[PDB]
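Notes to accompany the following structure.
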There are 2 protein chains.
Amino acid sequence: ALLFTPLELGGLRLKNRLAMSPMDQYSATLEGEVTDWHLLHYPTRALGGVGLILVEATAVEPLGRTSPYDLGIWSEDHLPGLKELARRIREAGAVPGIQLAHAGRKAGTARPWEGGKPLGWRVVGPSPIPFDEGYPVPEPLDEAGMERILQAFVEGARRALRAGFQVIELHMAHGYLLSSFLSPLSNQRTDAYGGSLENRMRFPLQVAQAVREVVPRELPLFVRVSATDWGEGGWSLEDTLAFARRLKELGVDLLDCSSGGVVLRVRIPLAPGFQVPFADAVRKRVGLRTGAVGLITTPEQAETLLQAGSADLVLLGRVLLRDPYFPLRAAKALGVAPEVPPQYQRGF
Amino acid sequence: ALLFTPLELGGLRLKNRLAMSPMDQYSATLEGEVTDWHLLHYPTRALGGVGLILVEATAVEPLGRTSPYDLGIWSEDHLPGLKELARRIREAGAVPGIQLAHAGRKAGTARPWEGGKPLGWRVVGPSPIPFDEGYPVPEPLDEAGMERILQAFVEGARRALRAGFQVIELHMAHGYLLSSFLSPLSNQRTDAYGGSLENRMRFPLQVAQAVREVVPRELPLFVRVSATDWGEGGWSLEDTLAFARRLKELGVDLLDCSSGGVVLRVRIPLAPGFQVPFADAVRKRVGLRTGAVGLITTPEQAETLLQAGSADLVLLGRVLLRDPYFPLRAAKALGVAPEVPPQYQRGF
Ligand SMILES: Cc1cc2nc3c(=O)[nH]c(=O)nc-3n(C[C@H](O)[C@H](O)[C@H](O)COP(=O)(O)O)c2cc1C
Ligand SMILES: Cc1cc2nc3c(=O)[nH]c(=O)nc-3n(C[C@H](O)[C@H](O)[C@H](O)COP(=O)(O)O)c2cc1C
């Protein structure tokens, strides 16, 4: 069972190939602090048996939040909460990781269960194009703004390391800031940071480069990207392959291949494993390690995509919301004697 | 779906018919205090959707423990831990309950994963018969000893109420103290507390009576019994029916029908729902409310035993060790829109 074999990234060993995909809980305080919700939520899934927990999109600056209840990492005030969260994940048996994010032109929306409506924040982006009707028009960034955000990512990464997180993921996906620089559906700049493919990758690669310099090479840096945006004339798999080549040269350890979110009016052919082709192509054609994610719900499915060489790591999102001990039970289904906490041995 | 309809006991409303069966975690401190293990373990299952959590066998005196790591309730020192545990269960959406126990002649064994061997404690019992080879010979109780233990149960119940537990279960099952008084395989006394059926029930009914007086009538008192001991000439279903009649008259709200554990050398015909006949007979022939427990693992199974009138409450043990969110997912399988925490709505 490949699913339960260790994986070495940098000098870190993950004890299996299952990872908890970052999922916003919208339950931080109004200043982005860890609460009791996270301190129960995440350790539950570490006892559940994942090798790696990626903590949700954590905002590198206040206007980078998706909602007023998102986690933050822009102040030394965030460090005590984050350090405790990382400790509890670690003590429950999983490697603690965290996703650093800036929401860009999709910043400032209400929580999904309080309507999800935009709140009219002063959002920033590559070009002056609203995400959708009702959303504020973003203010195009200049080079001093780009520099300010890049340092917010760099300082976020440093703070995450001091908290004890051992895996940093940069969120360059789903139409948030860096994702929106990559796609021509949202980036229409005519300066060094729009038009060509090389220009569109320029700012995201600057952020990745700078974060890579502050994260020691024995700890993994992950990047998450929207591998296509599903739109007429948009970011495609071929562009992802080019972007992935650059990330590899620069020392990114793994590419977490998602898709969509740049614009709203597109056909997305949802099915089990529908983003696996992107991980597979990156892995096989570029030779960069990949994370597969997207409607992966079954042990036999997860093992099969690893057997096929379509990814190195399987990320699980929604299945771990409704079934947090999935990894323990998946072992049995694959003929592996599960390592369970001794308290629970008689349930297995 | 009966499984998701409320149940009224005394003046308490449980929001569904699923309950977490008491299960020793062997993770208290050496003085029987609540630790971090319980504070994560139990709230997880309350978020999982059970209407009622019964906290594990909690020892009414030190020599009543099953192991050195069992929870206790014999000192005001236990109250802060227990009060916090009851609070967190309650805040995660479940009614908090607790099982009061005395291990009797099976007291003082090592944790299951450290060998399970008897530790040679000075155990007490009805008669001078070891549980098995290697176990100490119990010291037969006299009436001052019986009185001392009865007050330990009474004071335990008072302390549990002050902690905020709203359901008290008395553990009179599985060959522990009170169970061992009921069965002739372990009770061979010739005084007022052995020989006849009425004598064998006399001490257990005194304990139940006295605890019922300190628990207000608007809060449920439950009793758990071994409905048969599976042994030649032992406690049988007919004896359970007689014992249940007495508990009903005295104001016990519910009988939690388990089986076995009095002696070791017996054939137990394990199968899904194998203790359901005992709950069914008590419920239908005595008219006392019952809890069904024992290899109940499936939503359709649980609903079916309720449809049949075999019980009022379904208790789940091992399934909640390996699958803590079972109740949320069971709703969907029965065509009920589950109430899930808003954070997890997209997993359902
Ligand atoms: C409630 C919710 C919150 C999410 N939050 C994030 C996030 O903060 N960052 C992110 O990259 N993806 C986020 N996602 C996307 C998931 O990480 C995952 O990629 C996606 O749900 C597909 O995997 P699944 O089918 O296993 O859920 C979220 C998804 C859900 C349903
Ligand atoms: C690890 C473990 C600990 C248990 N501890 C207790 C206990 O403290 N009190 C009790 O009455 N029953 C205890 N039981 C029995 C369960 O409560 C339950 O009645 C039994 O496991 C059958 O139900 P199940 O098939 O749903 O597990 C325990 C069972 C297990 C496996």
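Following the order of the structure tokens, chains are lettered A, B, ..., residues in each are numbered from 1, and ligands are numbered from 1.
For chain A, the residues having at least one atom no farther than 7 Å from chain B, when counting only C-alpha atoms, are residues 25, 40, 113, 318, 319, 321, 322, 323, 325, 342, 343, 344, 346, 347 and 348 of chain A.
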Report as a PDB file with N, CA and C atoms, in the first residue's frame all protein, DNA and RNA residues lying within 9 Å of residue B:119, evaluated on only C-alpha atoms, omitting residues in the same chain fewer than 2 positions from it.
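Listed below is the output, result22.pdb:
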```pdb
ATOM      1  N   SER B  67      -8.746   0.254  36.775  1.00  0.00           N
ATOM      2  CA  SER B  67      -7.337   0.419  36.463  1.00  0.00           C
ATOM      3  C   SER B  67      -6.829   1.647  37.194  1.00  0.00           C
ATOM      4  N   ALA B 107     -11.545  -5.169  40.300  1.00  0.00           N
ATOM      5  CA  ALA B 107     -10.836  -3.907  40.445  1.00  0.00           C
ATOM      6  C   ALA B 107      -9.354  -4.166  40.311  1.00  0.00           C
ATOM      7  N   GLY B 108      -8.606  -3.137  39.937  1.00  0.00           N
ATOM      8  CA  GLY B 108      -7.152  -3.207  39.954  1.00  0.00           C
ATOM      9  C   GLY B 108      -6.507  -4.091  38.922  1.00  0.00           C
ATOM     10  N   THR B 109      -6.809  -3.823  37.650  1.00  0.00           N
ATOM     11  CA  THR B 109      -6.133  -4.461  36.511  1.00  0.00           C
ATOM     12  C   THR B 109      -5.350  -3.390  35.746  1.00  0.00           C
ATOM     13  N   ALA B 110      -4.315  -3.825  35.058  1.00  0.00           N
ATOM     14  CA  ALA B 110      -3.517  -2.935  34.264  1.00  0.00           C
ATOM     15  C   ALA B 110      -4.352  -2.564  33.008  1.00  0.00           C
ATOM     16  N   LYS B 117      -3.191  -7.399  33.197  1.00  0.00           N
ATOM     17  CA  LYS B 117      -3.061  -8.307  34.349  1.00  0.00           C
ATOM     18  C   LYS B 117      -3.535  -7.663  35.648  1.00  0.00           C
ATOM     19  N   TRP B 121      -4.698  -5.776  44.106  1.00  0.00           N
ATOM     20  CA  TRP B 121      -5.387  -4.874  45.036  1.00  0.00           C
ATOM     21  C   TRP B 121      -6.262  -5.615  46.045  1.00  0.00           C
ATOM     22  N   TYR B 135      -6.199 -13.520  39.979  1.00  0.00           N
ATOM     23  CA  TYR B 135      -6.914 -12.405  40.615  1.00  0.00           C
ATOM     24  C   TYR B 135      -6.965 -12.591  42.129  1.00  0.00           C
ATOM     25  N   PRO B 136      -6.804 -11.505  42.899  1.00  0.00           N
ATOM     26  CA  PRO B 136      -6.947 -11.658  44.343  1.00  0.00           C
ATOM     27  C   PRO B 136      -8.329 -12.187  44.780  1.00  0.00           C
TER      28      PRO B 136
END
```
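In this model, the gap between atom CA of residue B:98 and atom CA of residue B:172 comes to 13.7 Å.
With distances taken over only C-alpha atoms and all ligand atoms, B:341 is the one residue among B:9, B:341, B:120, B:127 lying closest to ligand 1.
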What parts of stretch 82-186 of chain B does DSSP call alpha helix (DSSP H)? I'd like the answer as number ranges by chain. B: 82-91, 143-162, 177-182
Same residues, N, CA and C atoms, saved as a compact mmCIF listing (two decimals), in the first residue's frame:
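Just written: out-v3.txt:
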```txt
# COMPACT_ATOMS: atom_id res chain seq x y z
N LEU B 82 -14.12 17.53 35.99
CA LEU B 82 -15.41 16.99 35.58
C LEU B 82 -16.36 18.07 35.13
N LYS B 83 -16.29 19.22 35.79
CA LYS B 83 -17.13 20.35 35.43
C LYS B 83 -16.75 20.90 34.03
N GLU B 84 -15.46 20.93 33.73
CA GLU B 84 -14.96 21.37 32.44
C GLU B 84 -15.35 20.38 31.34
N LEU B 85 -15.17 19.09 31.61
CA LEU B 85 -15.61 18.05 30.70
C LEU B 85 -17.08 18.18 30.40
N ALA B 86 -17.92 18.34 31.44
CA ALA B 86 -19.36 18.48 31.20
C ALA B 86 -19.71 19.74 30.38
N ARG B 87 -18.99 20.83 30.62
CA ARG B 87 -19.15 22.08 29.88
C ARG B 87 -18.84 21.90 28.40
N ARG B 88 -17.70 21.31 28.08
CA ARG B 88 -17.31 21.14 26.68
C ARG B 88 -18.20 20.22 25.87
N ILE B 89 -18.73 19.17 26.50
CA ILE B 89 -19.71 18.31 25.87
C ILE B 89 -20.95 19.11 25.55
N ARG B 90 -21.43 19.83 26.57
CA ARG B 90 -22.62 20.68 26.45
C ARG B 90 -22.47 21.73 25.35
N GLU B 91 -21.33 22.39 25.28
CA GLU B 91 -21.05 23.44 24.24
C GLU B 91 -20.87 22.89 22.85
N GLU B 143 -22.17 -5.30 56.54
CA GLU B 143 -23.19 -4.30 56.34
C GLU B 143 -22.64 -2.87 56.46
N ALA B 144 -21.55 -2.70 57.20
CA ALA B 144 -20.89 -1.40 57.32
C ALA B 144 -20.10 -1.04 56.02
N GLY B 145 -19.48 -2.04 55.40
CA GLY B 145 -18.90 -1.94 54.08
C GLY B 145 -19.92 -1.62 52.98
N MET B 146 -21.05 -2.35 52.95
CA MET B 146 -22.15 -2.04 52.04
C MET B 146 -22.66 -0.61 52.22
N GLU B 147 -22.84 -0.19 53.47
CA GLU B 147 -23.25 1.18 53.78
C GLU B 147 -22.23 2.25 53.31
N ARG B 148 -20.94 1.97 53.47
CA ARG B 148 -19.86 2.84 53.04
C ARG B 148 -19.83 3.04 51.50
N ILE B 149 -20.05 1.96 50.76
CA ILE B 149 -20.14 1.98 49.30
C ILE B 149 -21.40 2.64 48.81
N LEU B 150 -22.52 2.35 49.44
CA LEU B 150 -23.76 3.05 49.09
C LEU B 150 -23.64 4.57 49.22
N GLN B 151 -22.98 5.05 50.27
CA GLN B 151 -22.77 6.50 50.43
C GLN B 151 -21.76 7.04 49.41
N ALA B 152 -20.80 6.23 48.98
CA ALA B 152 -19.89 6.62 47.92
C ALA B 152 -20.65 6.84 46.59
N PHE B 153 -21.63 5.99 46.30
CA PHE B 153 -22.52 6.19 45.16
C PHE B 153 -23.36 7.43 45.30
N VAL B 154 -23.91 7.64 46.50
CA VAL B 154 -24.77 8.79 46.75
C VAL B 154 -23.97 10.10 46.61
N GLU B 155 -22.75 10.13 47.14
CA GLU B 155 -21.91 11.34 47.11
C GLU B 155 -21.34 11.60 45.70
N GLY B 156 -20.94 10.53 45.02
CA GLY B 156 -20.67 10.55 43.58
C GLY B 156 -21.77 11.15 42.73
N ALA B 157 -23.01 10.70 42.93
CA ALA B 157 -24.12 11.30 42.21
C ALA B 157 -24.23 12.80 42.50
N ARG B 158 -24.07 13.20 43.77
CA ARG B 158 -24.22 14.63 44.14
C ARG B 158 -23.14 15.50 43.49
N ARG B 159 -21.94 14.97 43.48
CA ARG B 159 -20.82 15.61 42.87
C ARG B 159 -21.00 15.71 41.34
N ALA B 160 -21.51 14.64 40.71
CA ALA B 160 -21.81 14.65 39.28
C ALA B 160 -22.84 15.69 38.92
N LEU B 161 -23.86 15.84 39.75
CA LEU B 161 -24.86 16.89 39.48
C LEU B 161 -24.27 18.31 39.59
N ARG B 162 -23.38 18.52 40.57
CA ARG B 162 -22.73 19.82 40.78
C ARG B 162 -21.79 20.18 39.65
N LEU B 177 -19.08 -4.69 40.90
CA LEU B 177 -19.55 -4.97 42.26
C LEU B 177 -21.02 -5.35 42.33
N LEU B 178 -21.88 -4.44 41.92
CA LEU B 178 -23.29 -4.67 42.04
C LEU B 178 -23.75 -5.83 41.15
N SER B 179 -23.17 -5.95 39.95
CA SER B 179 -23.46 -7.09 39.06
C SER B 179 -23.16 -8.43 39.74
N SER B 180 -22.02 -8.51 40.42
CA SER B 180 -21.59 -9.68 41.14
C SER B 180 -22.50 -10.05 42.35
N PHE B 181 -23.21 -9.07 42.91
CA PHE B 181 -24.25 -9.35 43.92
C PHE B 181 -25.47 -10.01 43.33
N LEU B 182 -25.81 -9.64 42.09
CA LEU B 182 -26.99 -10.17 41.41
C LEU B 182 -26.83 -11.64 40.99
```
Shell around residue B:19 at 8 Å using only C-alpha atoms, local window under 4 positions removed, as an MDAnalysis selection string: chainID B and resid 50:54 313:316
Contact check, chain B to ligand 2, at most 10 Å, counting only C-alpha atoms and all ligand atoms, closest pairs as a tab-separated table:
```
residue	atom	partner	partner_atom_place_in_ligand_line	distance
B:20	CA	ligand 2	17 (O)	8.1
B:21	CA	ligand 2	17 (O)	4.5
B:22	CA	ligand 2	17 (O)	4.5
B:23	CA	ligand 2	5 (N)	3.3
B:24	CA	ligand 2	5 (N)	4.0
B:25	CA	ligand 2	1 (C)	6.5
B:26	CA	ligand 2	1 (C)	8.6
B:54	CA	ligand 2	17 (O)	9.1
B:55	CA	ligand 2	8 (O)	8.1
B:56	CA	ligand 2	8 (O)	4.5
B:57	CA	ligand 2	8 (O)	4.0
B:58	CA	ligand 2	8 (O)	7.6
B:59	CA	ligand 2	8 (O)	9.7
B:66	CA	ligand 2	8 (O)	8.6
B:70	CA	ligand 2	8 (O)	8.8
B:71	CA	ligand 2	8 (O)	9.6
B:98	CA	ligand 2	9 (N)	9.9
B:99	CA	ligand 2	9 (N)	7.2
B:100	CA	ligand 2	9 (N)	9.1
B:101	CA	ligand 2	9 (N)	8.1
B:103	CA	ligand 2	8 (O)	9.8
B:111	CA	ligand 2	1 (C)	9.9
B:112	CA	ligand 2	1 (C)	8.4
B:169	CA	ligand 2	11 (O)	9.1
B:170	CA	ligand 2	11 (O)	9.0
B:171	CA	ligand 2	11 (O)	6.2
B:172	CA	ligand 2	11 (O)	8.4
B:173	CA	ligand 2	11 (O)	6.7
B:174	CA	ligand 2	11 (O)	7.2
B:176	CA	ligand 2	11 (O)	9.7
B:223	CA	ligand 2	11 (O)	9.8
B:224	CA	ligand 2	11 (O)	6.8
B:225	CA	ligand 2	11 (O)	8.5
B:226	CA	ligand 2	11 (O)	9.4
B:256	CA	ligand 2	19 (O)	8.8
B:257	CA	ligand 2	19 (O)	8.5
B:258	CA	ligand 2	19 (O)	6.1
B:259	CA	ligand 2	19 (O)	8.5
B:270	CA	ligand 2	25 (O)	9.6
B:271	CA	ligand 2	25 (O)	9.4
B:272	CA	ligand 2	25 (O)	8.1
B:273	CA	ligand 2	25 (O)	8.5
B:274	CA	ligand 2	25 (O)	9.6
B:275	CA	ligand 2	22 (C)	8.9
B:292	CA	ligand 2	23 (O)	8.9
B:293	CA	ligand 2	23 (O)	5.1
B:294	CA	ligand 2	23 (O)	3.7
B:295	CA	ligand 2	25 (O)	3.4
B:296	CA	ligand 2	26 (O)	5.5
B:297	CA	ligand 2	26 (O)	7.0
B:314	CA	ligand 2	26 (O)	9.2
B:315	CA	ligand 2	26 (O)	6.6
B:316	CA	ligand 2	26 (O)	4.1
B:317	CA	ligand 2	26 (O)	3.4
B:318	CA	ligand 2	27 (O)	3.8
B:319	CA	ligand 2	26 (O)	6.1
B:320	CA	ligand 2	26 (O)	7.9
B:321	CA	ligand 2	31 (C)	8.7
```
Could you give me the residues within stretch 121-197 of chain A that DSSP places in strand (DSSP E or B), as a ChimeraX atom specification? /A:124-125,139-140,167-172
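Neighbouring residues of residue A:282 at 8 Å or closer, counting only C-alpha atoms and skipping chain neighbours under 5 positions away, are residues 240, 241, 244, 287, 288, 289 and 290 of chain A.
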Report as a PDB file with N, CA, C and O atoms, in the first residue's frame all protein, DNA and RNA residues lying within 9 Å of residue A:189, evaluated on only C-alpha atoms, omitting residues in the same chain fewer than 4 positions from it.
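Result went into around20.pdb, see below:
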```
ATOM      1  N   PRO A 126      -4.219  42.879  -9.870  1.00  0.00           N
ATOM      2  CA  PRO A 126      -3.374  43.250 -11.007  1.00  0.00           C
ATOM      3  C   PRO A 126      -3.985  44.346 -11.914  1.00  0.00           C
ATOM      4  O   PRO A 126      -3.275  45.307 -12.290  1.00  0.00           O
ATOM      5  N   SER A 127      -5.277  44.232 -12.194  1.00  0.00           N
ATOM      6  CA  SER A 127      -5.976  45.125 -13.094  1.00  0.00           C
ATOM      7  C   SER A 127      -7.294  45.543 -12.475  1.00  0.00           C
ATOM      8  O   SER A 127      -7.749  44.894 -11.537  1.00  0.00           O
ATOM      9  N   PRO A 140      -5.396  48.669  -8.901  1.00  0.00           N
ATOM     10  CA  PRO A 140      -4.237  48.018  -9.454  1.00  0.00           C
ATOM     11  C   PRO A 140      -2.985  48.288  -8.634  1.00  0.00           C
ATOM     12  O   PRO A 140      -2.752  49.404  -8.229  1.00  0.00           O
ATOM     13  N   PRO A 184      -5.006  35.594 -17.754  1.00  0.00           N
ATOM     14  CA  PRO A 184      -5.309  36.798 -18.551  1.00  0.00           C
ATOM     15  C   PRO A 184      -6.766  37.232 -18.440  1.00  0.00           C
ATOM     16  O   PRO A 184      -7.120  38.336 -18.860  1.00  0.00           O
ATOM     17  N   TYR A 193       4.247  43.110 -15.733  1.00  0.00           N
ATOM     18  CA  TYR A 193       3.508  42.112 -14.962  1.00  0.00           C
ATOM     19  C   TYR A 193       2.201  41.653 -15.621  1.00  0.00           C
ATOM     20  O   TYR A 193       1.389  41.020 -14.946  1.00  0.00           O
ATOM     21  N   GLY A 194       2.032  41.956 -16.920  1.00  0.00           N
ATOM     22  CA  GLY A 194       0.919  41.462 -17.742  1.00  0.00           C
ATOM     23  C   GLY A 194       1.302  41.311 -19.222  1.00  0.00           C
ATOM     24  O   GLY A 194       2.434  41.566 -19.598  1.00  0.00           O
ATOM     25  N   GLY A 195       0.340  40.880 -20.042  1.00  0.00           N
ATOM     26  CA  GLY A 195       0.557  40.523 -21.441  1.00  0.00           C
ATOM     27  C   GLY A 195       1.090  39.115 -21.571  1.00  0.00           C
ATOM     28  O   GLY A 195       0.319  38.137 -21.561  1.00  0.00           O
ATOM     29  N   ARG A 200       3.181  37.590 -16.687  1.00  0.00           N
ATOM     30  CA  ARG A 200       2.124  37.122 -15.803  1.00  0.00           C
ATOM     31  C   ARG A 200       2.672  36.229 -14.681  1.00  0.00           C
ATOM     32  O   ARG A 200       2.217  36.324 -13.577  1.00  0.00           O
TER      33      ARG A 200
END
```
Work out how far apart atom CA of residue A:235 and atom 10 (C, counted along the ligand's line) of ligand 1 are and give it in Å to one decimal. 18.2 Å
